[PDB]
$ cat model-v3.tsv   # TSV, C-alpha atoms and all ligand atoms
chain	number	residue	atom	x	y	z
X	1	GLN	CA	120.99	159.23	132.65
X	2	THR	CA	117.49	160.51	131.89
X	3	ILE	CA	114.69	158.54	130.22
X	4	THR	CA	112.60	160.80	128.00
X	5	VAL	CA	108.90	160.18	127.50
X	6	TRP	CA	106.91	162.01	124.83
X	7	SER	CA	103.22	162.23	125.68
X	8	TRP	CA	100.48	163.10	123.23
X	9	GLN	CA	97.94	163.16	126.04
X	10	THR	CA	97.73	166.44	127.95
X	11	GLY	CA	95.80	167.96	130.85
X	12	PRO	CA	95.01	165.83	133.94
X	13	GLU	CA	96.11	162.64	132.22
X	14	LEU	CA	99.53	164.21	131.63
X	15	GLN	CA	99.72	165.16	135.30
X	16	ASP	CA	98.98	161.54	136.21
X	17	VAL	CA	101.64	160.28	133.81
X	18	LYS	CA	104.16	162.64	135.43
X	19	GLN	CA	103.13	161.41	138.88
X	20	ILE	CA	103.53	157.74	137.97
X	21	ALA	CA	106.82	158.49	136.23
X	22	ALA	CA	108.13	160.24	139.34
X	23	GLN	CA	107.16	157.26	141.50
X	24	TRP	CA	108.90	154.93	139.05
X	25	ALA	CA	112.05	157.09	139.07
X	26	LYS	CA	111.99	157.07	142.87
X	27	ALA	CA	112.35	153.29	142.91
X	28	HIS	CA	114.61	152.82	139.88
X	29	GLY	CA	116.92	155.80	140.22
X	30	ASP	CA	116.72	156.54	136.50
X	31	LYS	CA	115.61	160.14	135.96
X	32	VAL	CA	112.46	160.63	133.88
X	33	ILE	CA	111.22	163.66	131.97
X	34	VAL	CA	107.76	163.75	130.40
X	35	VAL	CA	107.38	166.08	127.41
X	36	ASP	CA	103.96	167.27	126.19
X	37	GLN	CA	103.74	166.89	122.41
X	38	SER	CA	99.95	167.29	122.19
X	39	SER	CA	100.24	170.73	120.60
X	40	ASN	CA	103.29	170.01	118.44
X	41	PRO	CA	102.66	171.43	114.93
X	42	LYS	CA	103.89	168.26	113.20
X	43	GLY	CA	101.24	166.21	115.00
X	44	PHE	CA	101.32	162.52	115.86
X	45	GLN	CA	103.68	161.73	113.02
X	46	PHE	CA	106.25	164.01	114.64
X	47	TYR	CA	107.57	160.85	116.27
X	48	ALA	CA	108.64	159.60	112.83
X	49	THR	CA	110.10	162.99	111.93
X	50	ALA	CA	112.26	162.93	115.05
X	51	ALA	CA	113.10	159.21	115.09
X	52	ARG	CA	114.16	159.26	111.42
X	53	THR	CA	117.07	161.50	112.39
X	54	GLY	CA	117.86	159.63	115.60
X	55	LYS	CA	116.37	162.38	117.75
X	56	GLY	CA	113.34	160.63	119.17
X	57	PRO	CA	112.35	159.94	122.82
X	58	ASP	CA	112.96	156.71	124.73
X	59	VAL	CA	109.26	156.10	125.28
X	60	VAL	CA	106.05	157.32	123.68
X	61	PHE	CA	102.83	157.57	125.66
X	62	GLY	CA	99.36	158.32	124.32
X	63	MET	CA	99.78	157.60	120.61
X	64	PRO	CA	96.60	156.67	118.65
X	65	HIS	CA	97.24	153.22	117.15
X	66	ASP	CA	96.72	154.09	113.49
X	67	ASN	CA	100.03	155.98	113.47
X	68	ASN	CA	102.11	152.99	114.49
X	69	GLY	CA	101.97	151.30	111.10
X	70	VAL	CA	104.32	153.97	109.76
X	71	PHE	CA	106.65	153.81	112.75
X	72	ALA	CA	106.85	150.00	112.68
X	73	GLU	CA	107.39	149.80	108.91
X	74	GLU	CA	110.35	152.16	109.28
X	75	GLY	CA	111.79	150.10	112.13
X	76	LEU	CA	111.38	152.85	114.71
X	77	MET	CA	109.58	150.68	117.29
X	78	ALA	CA	110.99	147.97	119.53
X	79	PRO	CA	108.81	144.86	119.28
X	80	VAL	CA	106.93	144.20	122.53
X	81	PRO	CA	108.90	141.51	124.43
X	82	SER	CA	107.26	138.10	124.83
X	83	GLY	CA	104.96	137.86	127.83
X	84	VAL	CA	104.50	141.61	128.32
X	85	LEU	CA	101.06	141.47	126.71
X	86	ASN	CA	98.40	138.96	127.73
X	87	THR	CA	95.99	139.11	124.79
X	88	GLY	CA	93.24	137.61	126.93
X	89	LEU	CA	93.11	140.75	129.06
X	90	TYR	CA	91.80	142.89	126.20
X	91	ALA	CA	89.00	142.80	123.66
X	92	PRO	CA	90.15	141.11	120.41
X	93	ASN	CA	90.06	144.32	118.36
X	94	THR	CA	92.18	146.11	120.96
X	95	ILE	CA	95.11	143.70	120.54
X	96	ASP	CA	94.73	143.53	116.78
X	97	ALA	CA	95.04	147.32	116.76
X	98	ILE	CA	98.54	147.17	118.20
X	99	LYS	CA	99.84	144.52	115.80
X	100	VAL	CA	101.66	145.49	112.60
X	101	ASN	CA	102.31	142.67	110.13
X	102	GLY	CA	101.38	140.19	112.86
X	103	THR	CA	103.85	141.59	115.39
X	104	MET	CA	102.88	143.41	118.59
X	105	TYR	CA	104.56	146.81	118.61
X	106	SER	CA	102.77	148.73	121.35
X	107	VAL	CA	100.81	148.38	124.58
X	108	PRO	CA	97.09	149.37	124.73
X	109	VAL	CA	96.34	151.96	127.40
X	110	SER	CA	92.90	153.34	126.52
X	111	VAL	CA	90.11	152.71	124.03
X	112	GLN	CA	88.11	155.54	122.45
X	113	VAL	CA	84.92	155.93	120.44
X	114	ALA	CA	83.71	159.45	119.57
X	115	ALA	CA	80.30	160.32	120.95
X	116	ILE	CA	77.85	163.17	121.30
X	117	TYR	CA	78.50	165.39	124.30
X	118	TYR	CA	75.38	167.27	125.30
X	119	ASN	CA	74.44	170.09	127.66
X	120	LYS	CA	71.72	168.81	130.01
X	121	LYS	CA	70.59	172.38	130.69
X	122	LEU	CA	69.59	172.63	127.03
X	123	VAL	CA	68.98	168.96	126.22
X	124	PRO	CA	67.78	167.07	129.36
X	125	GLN	CA	67.43	163.67	127.66
X	126	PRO	CA	69.62	162.90	124.61
X	127	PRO	CA	68.24	162.10	121.13
X	128	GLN	CA	68.60	158.54	119.85
X	129	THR	CA	66.96	158.66	116.41
X	130	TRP	CA	67.65	161.05	113.56
X	131	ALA	CA	64.20	162.59	113.98
X	132	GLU	CA	64.87	163.30	117.66
X	133	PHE	CA	68.36	164.53	116.76
X	134	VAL	CA	67.00	167.04	114.23
X	135	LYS	CA	64.59	168.37	116.84
X	136	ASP	CA	67.33	168.91	119.43
X	137	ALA	CA	69.84	170.23	116.91
X	138	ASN	CA	67.28	172.73	115.60
X	139	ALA	CA	66.26	173.82	119.09
X	140	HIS	CA	69.68	174.25	120.68
X	141	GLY	CA	72.35	173.78	118.02
X	142	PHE	CA	74.82	171.19	116.78
X	143	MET	CA	78.37	171.56	115.51
X	144	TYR	CA	81.43	169.34	115.17
X	145	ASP	CA	84.69	168.82	113.26
X	146	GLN	CA	82.58	168.12	110.17
X	147	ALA	CA	85.40	167.94	107.61
X	148	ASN	CA	87.60	165.67	109.75
X	149	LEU	CA	87.32	162.09	108.48
X	150	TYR	CA	88.02	160.77	111.98
X	151	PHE	CA	84.64	162.11	113.09
X	152	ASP	CA	82.51	162.19	109.94
X	153	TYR	CA	83.43	158.59	109.13
X	154	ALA	CA	80.60	157.74	111.54
X	155	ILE	CA	78.21	158.87	108.81
X	156	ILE	CA	80.18	157.26	105.96
X	157	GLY	CA	80.22	153.85	107.60
X	158	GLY	CA	76.59	154.31	108.58
X	159	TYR	CA	75.76	154.36	104.89
X	160	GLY	CA	77.88	151.32	104.09
X	161	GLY	CA	81.11	153.07	103.21
X	162	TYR	CA	84.48	151.88	104.50
X	163	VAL	CA	88.14	152.86	104.31
X	164	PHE	CA	89.90	149.59	103.41
X	165	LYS	CA	88.01	146.32	102.97
X	166	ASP	CA	88.49	144.02	105.96
X	167	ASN	CA	88.60	140.32	105.07
X	168	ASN	CA	89.64	137.54	107.43
X	169	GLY	CA	91.04	140.20	109.75
X	170	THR	CA	93.33	141.45	106.99
X	171	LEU	CA	92.85	144.80	105.23
X	172	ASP	CA	93.12	145.20	101.46
X	173	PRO	CA	94.72	148.63	100.83
X	174	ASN	CA	93.47	148.63	97.22
X	175	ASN	CA	89.82	147.92	98.08
X	176	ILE	CA	88.67	151.37	99.19
X	177	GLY	CA	85.05	152.10	100.04
X	178	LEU	CA	85.08	155.89	100.29
X	179	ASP	CA	83.55	156.39	96.83
X	180	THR	CA	80.80	153.74	96.89
X	181	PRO	CA	77.19	154.83	96.30
X	182	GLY	CA	76.70	154.62	100.06
X	183	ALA	CA	79.68	156.88	100.75
X	184	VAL	CA	78.27	159.42	98.31
X	185	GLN	CA	74.98	159.36	100.23
X	186	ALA	CA	76.97	160.12	103.37
X	187	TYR	CA	78.83	163.04	101.77
X	188	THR	CA	75.48	164.37	100.59
X	189	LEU	CA	74.23	164.34	104.18
X	190	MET	CA	77.40	166.10	105.33
X	191	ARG	CA	76.72	168.86	102.80
X	192	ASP	CA	73.05	168.90	103.87
X	193	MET	CA	73.95	169.69	107.47
X	194	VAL	CA	75.11	173.01	106.05
X	195	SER	CA	72.87	173.65	103.02
X	196	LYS	CA	69.63	172.03	104.24
X	197	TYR	CA	69.65	171.93	108.03
X	198	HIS	CA	71.76	175.05	108.48
X	199	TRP	CA	73.30	173.66	111.68
X	200	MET	CA	76.77	174.64	110.47
X	201	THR	CA	78.47	176.83	107.88
X	202	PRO	CA	81.39	175.76	105.68
X	203	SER	CA	83.77	177.35	108.19
X	204	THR	CA	82.49	175.35	111.17
X	205	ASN	CA	85.20	173.03	112.52
X	206	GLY	CA	86.19	171.23	115.71
X	207	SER	CA	87.75	174.29	117.32
X	208	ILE	CA	84.67	176.45	116.78
X	209	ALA	CA	82.27	173.71	117.89
X	210	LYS	CA	84.17	173.14	121.13
X	211	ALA	CA	84.25	176.87	121.89
X	212	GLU	CA	80.50	177.15	121.27
X	213	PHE	CA	79.79	174.17	123.50
X	214	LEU	CA	81.94	175.44	126.38
X	215	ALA	CA	80.08	178.75	126.14
X	216	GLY	CA	76.72	177.02	126.47
X	217	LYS	CA	75.67	178.16	123.00
X	218	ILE	CA	75.08	174.74	121.41
X	219	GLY	CA	73.47	171.75	123.05
X	220	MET	CA	75.50	169.08	121.23
X	221	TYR	CA	78.86	168.43	119.61
X	222	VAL	CA	80.96	165.37	118.77
X	223	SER	CA	83.97	164.72	120.95
X	224	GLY	CA	85.76	162.39	123.33
X	225	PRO	CA	87.38	162.16	126.79
X	226	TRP	CA	90.16	164.52	125.67
X	227	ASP	CA	87.66	167.33	126.30
X	228	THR	CA	86.43	166.14	129.71
X	229	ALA	CA	88.73	168.52	131.60
X	230	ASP	CA	87.71	171.61	129.62
X	231	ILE	CA	84.00	170.77	129.77
X	232	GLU	CA	84.03	170.42	133.56
X	233	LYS	CA	86.08	173.60	133.89
X	234	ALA	CA	83.40	175.47	131.94
X	235	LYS	CA	80.89	174.14	134.50
X	236	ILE	CA	78.78	172.44	131.83
X	237	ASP	CA	76.43	169.81	133.24
X	238	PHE	CA	77.27	167.49	130.37
X	239	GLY	CA	76.08	164.07	129.34
X	240	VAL	CA	77.48	161.62	126.82
X	241	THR	CA	75.41	159.68	124.30
X	242	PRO	CA	75.97	157.62	121.13
X	243	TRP	CA	75.68	159.06	117.65
X	244	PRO	CA	71.97	159.03	116.75
X	245	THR	CA	70.75	156.59	114.11
X	246	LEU	CA	71.01	158.21	110.68
X	247	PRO	CA	68.31	159.21	108.16
X	248	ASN	CA	68.60	155.71	106.66
X	249	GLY	CA	67.65	154.18	110.00
X	250	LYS	CA	71.08	152.63	110.50
X	251	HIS	CA	73.50	153.22	113.36
X	252	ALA	CA	76.47	155.51	112.79
X	253	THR	CA	79.86	153.79	112.82
X	254	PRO	CA	82.46	155.91	114.63
X	255	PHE	CA	86.06	154.69	114.62
X	256	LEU	CA	87.47	152.65	117.49
X	257	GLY	CA	90.77	154.17	118.53
X	258	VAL	CA	93.33	152.56	120.80
X	259	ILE	CA	95.68	154.88	122.69
X	260	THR	CA	99.06	153.20	122.95
X	261	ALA	CA	102.46	153.41	124.63
X	262	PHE	CA	105.66	152.06	123.10
X	263	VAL	CA	109.46	152.02	123.12
X	264	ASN	CA	111.83	153.60	120.58
X	265	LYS	CA	113.98	150.95	118.89
X	266	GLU	CA	116.90	153.39	119.21
X	267	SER	CA	116.59	153.78	122.98
X	268	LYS	CA	119.68	152.65	124.87
X	269	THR	CA	117.73	151.50	127.95
X	270	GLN	CA	115.15	149.06	126.55
X	271	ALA	CA	114.64	147.04	129.75
X	272	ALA	CA	114.11	150.14	131.85
X	273	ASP	CA	111.86	151.55	129.13
X	274	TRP	CA	109.48	148.62	129.18
X	275	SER	CA	109.38	148.74	132.97
X	276	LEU	CA	108.35	152.40	132.79
X	277	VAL	CA	105.75	151.52	130.13
X	278	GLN	CA	104.35	148.86	132.45
X	279	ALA	CA	103.98	151.44	135.22
X	280	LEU	CA	102.30	153.90	132.86
X	281	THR	CA	99.87	151.31	131.49
X	282	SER	CA	99.02	149.15	134.51
X	283	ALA	CA	95.50	148.52	135.73
X	284	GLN	CA	96.21	151.05	138.48
X	285	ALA	CA	97.39	153.67	135.99
X	286	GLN	CA	94.31	153.12	133.82
X	287	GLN	CA	92.09	153.49	136.90
X	288	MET	CA	93.74	156.88	137.50
X	289	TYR	CA	93.39	158.07	133.91
X	290	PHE	CA	89.71	157.17	134.03
X	291	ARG	CA	89.06	158.96	137.32
X	292	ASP	CA	90.71	162.14	136.06
X	293	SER	CA	89.63	162.26	132.40
X	294	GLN	CA	87.04	159.50	131.87
X	295	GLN	CA	89.35	157.81	129.34
X	296	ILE	CA	88.06	154.25	128.97
X	297	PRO	CA	90.62	151.63	130.11
X	298	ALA	CA	91.94	149.21	127.51
X	299	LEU	CA	92.07	146.45	130.16
X	300	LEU	CA	88.81	144.53	130.47
X	301	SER	CA	89.26	144.06	134.22
X	302	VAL	CA	89.31	147.83	134.77
X	303	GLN	CA	86.36	148.29	132.40
X	304	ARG	CA	84.46	145.95	134.71
X	305	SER	CA	85.26	148.07	137.78
X	306	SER	CA	82.41	149.88	139.53
X	307	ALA	CA	83.71	153.34	138.63
X	308	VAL	CA	83.74	152.51	134.92
X	309	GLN	CA	80.54	150.45	134.70
X	310	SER	CA	78.60	153.33	136.30
X	311	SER	CA	79.90	156.14	134.08
X	312	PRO	CA	78.05	157.92	131.25
X	313	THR	CA	81.15	157.75	129.05
X	314	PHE	CA	81.38	153.98	129.37
X	315	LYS	CA	77.64	153.60	128.77
X	316	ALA	CA	77.94	155.42	125.44
X	317	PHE	CA	81.08	153.43	124.59
X	318	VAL	CA	79.46	150.05	125.20
X	319	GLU	CA	76.42	151.05	123.16
X	320	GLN	CA	78.56	151.99	120.15
X	321	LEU	CA	81.32	149.37	120.39
X	322	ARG	CA	79.51	146.85	118.18
X	323	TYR	CA	79.29	149.46	115.41
X	324	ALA	CA	82.75	150.93	115.89
X	325	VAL	CA	85.32	150.29	113.18
X	326	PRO	CA	88.93	150.01	114.34
X	327	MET	CA	91.08	152.60	112.55
X	328	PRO	CA	93.34	150.97	109.97
X	329	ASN	CA	96.97	151.09	111.12
X	330	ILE	CA	98.64	150.32	107.80
X	331	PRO	CA	100.89	153.08	106.36
X	332	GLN	CA	98.35	153.84	103.63
X	333	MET	CA	96.02	155.23	106.29
X	334	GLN	CA	98.18	158.36	106.40
X	335	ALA	CA	97.43	158.88	102.70
X	336	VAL	CA	93.76	158.86	103.68
X	337	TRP	CA	94.16	161.47	106.44
X	338	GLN	CA	96.25	163.60	104.07
X	339	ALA	CA	93.65	163.52	101.28
X	340	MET	CA	90.57	164.17	103.44
X	341	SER	CA	90.89	167.93	102.95
X	342	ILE	CA	88.62	167.40	99.94
X	343	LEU	CA	85.75	166.76	102.37
X	344	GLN	CA	85.79	170.48	103.15
X	345	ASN	CA	85.24	171.21	99.46
X	346	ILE	CA	82.21	168.91	99.41
X	347	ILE	CA	80.75	170.48	102.56
X	348	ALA	CA	81.31	173.97	101.12
X	349	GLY	CA	79.50	172.98	97.94
X	350	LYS	CA	82.56	173.72	95.79
X	351	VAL	CA	82.51	170.18	94.40
X	352	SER	CA	79.64	167.70	94.11
X	353	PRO	CA	79.43	164.74	96.51
X	354	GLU	CA	79.86	162.34	93.59
X	355	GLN	CA	82.86	164.11	92.07
X	356	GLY	CA	84.40	164.86	95.46
X	357	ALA	CA	84.13	161.19	96.42
X	358	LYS	CA	85.79	160.07	93.20
X	359	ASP	CA	88.68	162.51	93.61
X	360	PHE	CA	89.07	161.63	97.30
X	361	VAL	CA	89.69	157.98	96.44
X	362	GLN	CA	91.86	158.80	93.43
X	363	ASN	CA	94.01	161.04	95.62
X	364	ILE	CA	94.34	158.30	98.23
X	365	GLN	CA	95.38	155.79	95.56
X	366	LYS	CA	98.27	158.04	94.54
X	367	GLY	CA	99.79	156.90	97.82
X	368	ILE	CA	102.70	158.47	99.68
X	369	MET	CA	106.24	158.53	98.31
X	370	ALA	CA	108.40	156.20	100.41
W	401	LIG	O1	92.10	163.91	112.02
W	401	LIG	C1	93.11	162.99	111.60
W	401	LIG	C2	93.60	162.19	112.80
W	401	LIG	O2	92.51	161.29	113.22
W	401	LIG	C3	92.82	160.47	114.39
W	401	LIG	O3	93.10	161.28	115.48
W	401	LIG	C4	92.18	161.47	116.57
W	401	LIG	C5	92.79	160.86	117.81
W	401	LIG	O4	92.99	159.44	117.60
W	401	LIG	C6	91.86	161.08	119.02
W	401	LIG	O5	92.45	160.54	120.20
W	401	LIG	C7	91.64	162.61	119.20
W	401	LIG	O6	93.03	163.36	119.45
W	401	LIG	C8	93.00	164.05	120.68
W	401	LIG	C9	94.31	163.61	121.42
W	401	LIG	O7	94.28	162.20	121.70
W	401	LIG	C10	94.32	164.36	122.74
W	401	LIG	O8	95.46	164.05	123.54
W	401	LIG	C11	94.35	165.85	122.51
W	401	LIG	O9	95.54	166.27	121.85
W	401	LIG	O10	93.27	166.27	121.66
W	401	LIG	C12	93.10	165.60	120.41
W	401	LIG	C13	91.89	166.22	119.72
W	401	LIG	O11	92.34	167.31	118.88
W	401	LIG	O12	91.04	163.17	117.93
W	401	LIG	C14	91.92	163.00	116.77
W	401	LIG	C15	91.25	163.60	115.53
W	401	LIG	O13	91.26	165.02	115.49
W	401	LIG	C16	94.10	159.63	114.12
W	401	LIG	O14	94.41	158.87	115.26
W	401	LIG	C17	95.29	160.57	113.73
W	401	LIG	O15	96.45	159.81	113.48
W	401	LIG	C18	94.88	161.38	112.48
W	401	LIG	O16	95.94	162.25	112.09
$ encode --input "model-v3.tsv" --output "structure tokens"
Amino acid sequence: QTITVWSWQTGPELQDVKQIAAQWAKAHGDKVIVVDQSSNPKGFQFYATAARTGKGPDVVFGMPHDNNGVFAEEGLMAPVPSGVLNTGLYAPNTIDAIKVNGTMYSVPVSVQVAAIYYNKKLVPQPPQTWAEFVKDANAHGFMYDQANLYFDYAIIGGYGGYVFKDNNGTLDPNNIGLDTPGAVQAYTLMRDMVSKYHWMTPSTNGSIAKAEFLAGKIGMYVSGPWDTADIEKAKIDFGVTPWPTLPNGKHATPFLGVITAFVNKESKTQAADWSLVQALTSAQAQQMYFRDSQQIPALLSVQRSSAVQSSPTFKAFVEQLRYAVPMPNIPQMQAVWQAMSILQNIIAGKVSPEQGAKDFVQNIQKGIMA
């Protein structure tokens, strides 16, 4: 009798999802319960853990697109019905992000590109070049989730590295670019931010950086709209700006992430499920999510709205979009996330950038047991 939605988005966006769900239930009669999985210890892949034993939700809301390759390969996702998605209403990369083996398996709700969040009280105007960045980082501090590939990939790609080679829109899982000479240069810079610039210590991570930023102790840190609520609560007069150009004069290449919503193949109420997904991902819903969290809408028409076009978050997004690399969504991407722990070793100076890079790729190539 009840439709269960698992949401990986929390805070104000979760409140909006609950509101929309309640309105939907009011018209349809079907009861709806929205569960917050954002802090679940098993992470995003918890959907697979649950669905593999037939204990998953009816609908999933707020799932980063890279995770869906696993879910789709295992047959845990209902293909999107014909006509539900109008590809012309999104940027090309946005729709490609929700396709697995050429089939659309989820609906785009938001698009994300990590950026530098800065404290205007400490840094009035944001740095754009590495030189300017060093000056501001030295003067007021800089920290981020340095050992997390999702964020530090911006540096890797900036030096020519890549995860899986993209050719003709298709990714080659065997052609990895995380150990190229360019990637090694990037890892060297990551280590340098600790050993040379002293902006961070080997223990610095995302949690610590966020805490320091909310306390007004550092002027810059790398984040996204998921922190909007907490930043405003801390009363930080924050700004958003693109990653600065790197020491090699090139632009950093942060990942492009697409937040998606989808239906469990095992759900007994597929038609109702897609109707609920439509309500949770409509232009109106996206307008709400933006107003309350600054999450950039996946729909181009909402991106072109006055509220979005005038925002600092969108300005940074549009400035980085051309350099953003969509996260791979093939199953092998999980092997990459699972082997990135070696980045910490490089940043701590326990292993050289060259050796660490080599082992990183070798570990990825071991793959994941089916
Ligand atoms: O680190 C490995 C991890 O990288 C990618 O995850 C990023 C998310 O795509 C991105 O949205 C953001 O996650 C935030 C949630 O969306 C938000 O609701 C709330 O829970 O805070 C999160 C920040 O901790 O950042 C993560 C990276 O930390 C990739 O999509 C994952 O599959 C992968 O495991």
$ residues_near_ligand --input "model-v3.tsv" --ligand "ligand LIG 401 (chain W)" --cutoff "6 Å" --atoms "all atoms listed in the file" --output "short mmCIF file (atom, residue, chain, number, x, y, z; two decimals) with C-alpha atoms, in the coordinates of the input"
data_model
loop_
_atom_site.label_atom_id
_atom_site.label_comp_id
_atom_site.auth_asym_id
_atom_site.auth_seq_id
_atom_site.Cartn_x
_atom_site.Cartn_y
_atom_site.Cartn_z
CA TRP X 8 100.48 163.10 123.23
CA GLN X 9 97.94 163.16 126.04
CA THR X 10 97.73 166.44 127.95
CA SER X 38 99.95 167.29 122.19
CA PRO X 64 96.60 156.67 118.65
CA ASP X 66 96.72 154.09 113.49
CA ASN X 67 100.03 155.98 113.47
CA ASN X 148 87.60 165.67 109.75
CA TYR X 150 88.02 160.77 111.98
CA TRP X 226 90.16 164.52 125.67
CA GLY X 257 90.77 154.17 118.53
CA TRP X 337 94.16 161.47 106.44
#
$ closest_residue --input "model-v3.tsv" --among "X:74, X:58, X:273, X:30" --to "residue 331 (chain X)" --atoms "all atoms listed in the file"
X:74
$ closest_residue --input "model-v3.tsv" --among "X:294, X:94, X:110, X:53" --to "residue 280 (chain X)" --atoms "only C-alpha atoms"
X:110
$ closest_residue --input "model-v3.tsv" --among "X:69, X:242, X:356, X:54" --to "residue 319 (chain X)" --atoms "all atoms listed in the file"
X:242
$ residues_around --input "model-v3.tsv" --residues "region 179-195 of chain X" --least-positions-apart "6" --cutoff "8 Å" --atoms "all atoms listed in the file" --output "PyMOL selection string"
chain X and resi 146+152+155-162+201-202+343+346-349+353-354+357-358+360-361
$ write_last_selection --input "model-v3.tsv" --atoms "C-alpha atoms" --output "PDB file, in the coordinates of the input"
ATOM      1  CA  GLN X 146      82.580 168.120 110.170  1.00  0.00           C
ATOM      2  CA  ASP X 152      82.510 162.190 109.940  1.00  0.00           C
ATOM      3  CA  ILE X 155      78.210 158.870 108.810  1.00  0.00           C
ATOM      4  CA  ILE X 156      80.180 157.260 105.960  1.00  0.00           C
ATOM      5  CA  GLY X 157      80.220 153.850 107.600  1.00  0.00           C
ATOM      6  CA  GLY X 158      76.590 154.310 108.580  1.00  0.00           C
ATOM      7  CA  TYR X 159      75.760 154.360 104.890  1.00  0.00           C
ATOM      8  CA  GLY X 160      77.880 151.320 104.090  1.00  0.00           C
ATOM      9  CA  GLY X 161      81.110 153.070 103.210  1.00  0.00           C
ATOM     10  CA  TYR X 162      84.480 151.880 104.500  1.00  0.00           C
ATOM     11  CA  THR X 201      78.470 176.830 107.880  1.00  0.00           C
ATOM     12  CA  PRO X 202      81.390 175.760 105.680  1.00  0.00           C
ATOM     13  CA  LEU X 343      85.750 166.760 102.370  1.00  0.00           C
ATOM     14  CA  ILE X 346      82.210 168.910  99.410  1.00  0.00           C
ATOM     15  CA  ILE X 347      80.750 170.480 102.560  1.00  0.00           C
ATOM     16  CA  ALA X 348      81.310 173.970 101.120  1.00  0.00           C
ATOM     17  CA  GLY X 349      79.500 172.980  97.940  1.00  0.00           C
ATOM     18  CA  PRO X 353      79.430 164.740  96.510  1.00  0.00           C
ATOM     19  CA  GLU X 354      79.860 162.340  93.590  1.00  0.00           C
ATOM     20  CA  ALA X 357      84.130 161.190  96.420  1.00  0.00           C
ATOM     21  CA  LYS X 358      85.790 160.070  93.200  1.00  0.00           C
ATOM     22  CA  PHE X 360      89.070 161.630  97.300  1.00  0.00           C
ATOM     23  CA  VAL X 361      89.690 157.980  96.440  1.00  0.00           C
TER      24      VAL X 361
END
$ closest_atom_pairs --input "model-v3.tsv" --of "region 295-320 of chain X" --to "region 103-109 of chain X" --cutoff "8 Å" --atoms "all atoms listed in the file" --output "tab-separated table"
residue	atom	partner	partner_atom	distance
X:297	CA	X:109	CA	6.3
X:298	CA	X:109	CA	5.2
X:299	CA	X:109	CA	7.5
$ closest_atom_pairs --input "model-v3.tsv" --of "region 98-169 of chain X" --to "region 306-315 of chain X" --cutoff "12 Å" --atoms "only C-alpha atoms" --output "Markdown table"
| residue | atom | partner | partner_atom | distance |
| --- | --- | --- | --- | --- |
| X:110 | CA | X:314 | CA | 11.9 |
| X:111 | CA | X:314 | CA | 10.3 |
| X:112 | CA | X:314 | CA | 9.8 |
| X:113 | CA | X:313 | CA | 9.6 |
| X:114 | CA | X:313 | CA | 10.0 |
| X:115 | CA | X:313 | CA | 8.5 |
| X:116 | CA | X:313 | CA | 10.0 |
| X:117 | CA | X:313 | CA | 9.4 |
| X:118 | CA | X:312 | CA | 11.4 |
| X:126 | CA | X:312 | CA | 11.8 |
$ write_last_selection --input "model-v3.tsv" --atoms "C-alpha atoms" --output "PDB file, in the frame of the given file"
ATOM      1  CA  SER X 110      92.900 153.340 126.520  1.00  0.00           C
ATOM      2  CA  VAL X 111      90.110 152.710 124.030  1.00  0.00           C
ATOM      3  CA  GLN X 112      88.110 155.540 122.450  1.00  0.00           C
ATOM      4  CA  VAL X 113      84.920 155.930 120.440  1.00  0.00           C
ATOM      5  CA  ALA X 114      83.710 159.450 119.570  1.00  0.00           C
ATOM      6  CA  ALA X 115      80.300 160.320 120.950  1.00  0.00           C
ATOM      7  CA  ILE X 116      77.850 163.170 121.300  1.00  0.00           C
ATOM      8  CA  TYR X 117      78.500 165.390 124.300  1.00  0.00           C
ATOM      9  CA  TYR X 118      75.380 167.270 125.300  1.00  0.00           C
ATOM     10  CA  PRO X 126      69.620 162.900 124.610  1.00  0.00           C
TER      11      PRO X 126
END
$ atom_distance --input "model-v3.tsv" --atom1 "CA of residue 48 (chain X)" --atom2 "CA of residue 71 (chain X)"
6.1 Å
$ closest_residue --input "model-v3.tsv" --among "X:267, X:363, X:286, X:332" --to "residue 4 (chain X)" --atoms "all atoms listed in the file"
X:267
$ closest_atom_pairs --input "model-v3.tsv" --of "region 56-101 of chain X" --to "region 12-22 of chain X" --cutoff "12 Å" --atoms "all atoms listed in the file" --output "Markdown table"
| residue | atom | partner | partner_atom | distance |
| --- | --- | --- | --- | --- |
| X:59 | CA | X:21 | CA | 11.5 |
| X:60 | CA | X:17 | CA | 11.4 |
| X:61 | CA | X:17 | CA | 8.7 |
| X:62 | CA | X:14 | CA | 9.4 |
$ atom_distance --input "model-v3.tsv" --atom1 "CA of residue 292 (chain X)" --atom2 "CA of residue 254 (chain X)"
23.8 Å
$ residues_around --input "model-v3.tsv" --residues "residue 35 (chain X)" --least-positions-apart "3" --cutoff "7 Å" --atoms "all atoms listed in the file" --output "list in words"
residues 5, 6 and 7 of chain X
$ atom_distance --input "model-v3.tsv" --atom1 "CA of residue 335 (chain X)" --atom2 "CA of residue 147 (chain X)"
15.8 Å
$ residues_around --input "model-v3.tsv" --residues "residue 235 (chain X)" --least-positions-apart "4" --cutoff "9 Å" --atoms "all atoms listed in the file" --output "VMD selection string"
chain X and resid 214 230 to 231
$ closest_residue --input "model-v3.tsv" --among "X:11, X:29, X:75, X:173" --to "residue 366 (chain X)" --atoms "all atoms listed in the file"
X:173
$ closest_residue --input "model-v3.tsv" --among "X:344, X:295, X:305, X:23" --to "residue 227 (chain X)" --atoms "only C-alpha atoms"
X:295
$ residues_near_point --input "model-v3.tsv" --point "(110.5, 148.1, 133.1)" --cutoff "12 Å" --atoms "all atoms listed in the file" --output "list in words"
residues 3, 21, 24, 25, 27, 28, 30, 59, 80, 81, 84, 262, 263, 269, 270, 271, 272, 273, 274, 275, 276, 277, 278, 279, 280, 281 and 282 of chain X
